[PDB]
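Below you'll find only one chain, the form deposited in one PDB entry, shown as structure tokens.
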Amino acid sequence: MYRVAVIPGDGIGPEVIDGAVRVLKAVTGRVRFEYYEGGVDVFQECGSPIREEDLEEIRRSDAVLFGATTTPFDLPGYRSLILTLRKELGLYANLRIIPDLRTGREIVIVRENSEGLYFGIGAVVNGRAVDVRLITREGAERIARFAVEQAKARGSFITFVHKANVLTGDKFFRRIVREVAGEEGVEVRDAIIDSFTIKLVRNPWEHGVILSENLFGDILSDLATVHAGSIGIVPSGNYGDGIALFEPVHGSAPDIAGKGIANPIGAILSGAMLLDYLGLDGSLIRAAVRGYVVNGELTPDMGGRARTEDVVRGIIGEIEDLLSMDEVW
């Protein structure tokens, strides 16, 4: 059996993760689920958003499934759970795939996930505050290589988005992405971060494998969800050299917490990416979702009257009708 750590978190996190796990429990029985708490409640007990001993289990699990976590702005001392996990598990590649769920079309973003303006060097002294945007050869190379493999796997190219006209680190980053992509025969198109926002809303689907620094990727990936109906359909994988974590891009949405209306598709499809990463069958979850979308009613954030549970039951439905036959058929 494969060993998967599950971190529902809070707000709507438990809701959409209930959905994604049930869907996973319906395409395979080769996965054992271990649940851990995390977020403010755990901070207030222990001074950390995750317990040291739990973190020790989690780093030895085969993969991680993560919901969402509320990070209150006005709580001093508190590190975001997800940033902690990203750093603790060496997760340097954030892959966000924004689907138009009528057509087959995708926006594919590779967000560097370990450095940039997230590297953690910051300070205030005497009315002068700084944050240090760090790009390292090793950081550049390995996210470049990750990106070329997503290009190749798709017979595509890389759009490297940057501000190398202003940022020394983006000049450096650019050399290295061109070097690795050349060494491997992949085309790299330049894009500048400000004008690329325009290209990204007007012309969504012509950009290949988009690659950028950590914070730029953060920004572009939220923006790209204008093209799916809602940020709530969009999944991600955070990959490192020995483990990966999967979470929906959406947040913990405590407004609609417990109202039973949250969109589980982001979590579900993030479950798909987790099966892929384990060498199991994510395609089934994807196909099950495309099929349910055709006629199925959606959640309010997408515009329908449907409850979370109707979407979940409906997709399991389509899955059951796929496992009813062999891989062939």
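Don't overthink the numbering: it's just position in the shown sequence, from 1. Each form is matched to the other, and the largest set of C-alpha atoms that superpose within 1.5 Å is called the rigid core.
One more form of this protein exists, namely the form deposited in another entry; it is left out here, but the text below deals with it.
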Which one of 91, 81, 188, 97, by Cα shift of 2 Å or more between this form and the one not shown, core superposed: 188
Could you tell me whether the Cα atom of residue 174 shifts by at least 2 Å between this form and the one not shown after core superposition? yes
Quick one: once the rigid core is lined up, does residue 159 have its C-alpha move by 2 Å or more between this form and the one not shown? yes
Relative to the superposed rigid core, does the CA atom of residue 237 travel 2 Å or more between this form and the one not shown? no
Closer or farther: how do the Cα atoms of residue 277 and residue 151 compare in the other form relative to this form, given a change of at least 3 Å? closer
Since the C-alpha distance between residue 133 and residue 68 changes by 3 Å or more in the other form, give its direction relative to the shown form: closer or farther. farther
